[PDB]
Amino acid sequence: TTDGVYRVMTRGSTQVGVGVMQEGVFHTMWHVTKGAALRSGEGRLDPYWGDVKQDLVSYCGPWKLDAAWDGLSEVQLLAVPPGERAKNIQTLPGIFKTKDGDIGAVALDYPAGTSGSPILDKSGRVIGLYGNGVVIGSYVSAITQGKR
């Protein structure tokens, strides 16, 4: 229940993704858990909201993260790769141009179990999650943010 970035593990054990605990809600990408319940110590976390199109899910409450890329500044990916200590990778996002508007995108390619890692602005706020994207062959991840 403590605020922070978390590995999402499965049972040997394997890391299938990452997520963000904030304000009592756990935030990750739908494709990481498919909405399965999550064990945290002796407690259980149940899905509360989810959306396949956004590729997002929240547990224990509504999606809490609402900061957004400012379109000009560098950001940091707080990557939590399997088997590796949490690490910050700073980058200038590029852009996904869509019919519905523009979305920040980071041209960073980490192992699949890093999906759900938070992307941060300079003030430390989570402006979205890593791991839904496209290939150009380099992967590029949308900065995927929900609605509060």
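Numbers follow the displayed sequence, beginning with 1.
Among other compared entries that model residues flanking residue 137, a third or more give it no coordinates. The entry models residue 11 and residue 12 with a gap of 1 to 3 deposited residues left without coordinates. As recorded in the PDB entry, 93-101 is the stretch of 93-101 and 114-122 with the greater mean C-alpha temperature factor. Per-stretch averaging of Cα B factors for 104-112 and 37-45 places 37-45 on top. Take 16, 21, 127, 135 and read off each C-alpha B-factor from the entry; 135 has the highest.
For residue 78, the recorded CA temperature factor ranks within the middle third of the chain's modelled residues.
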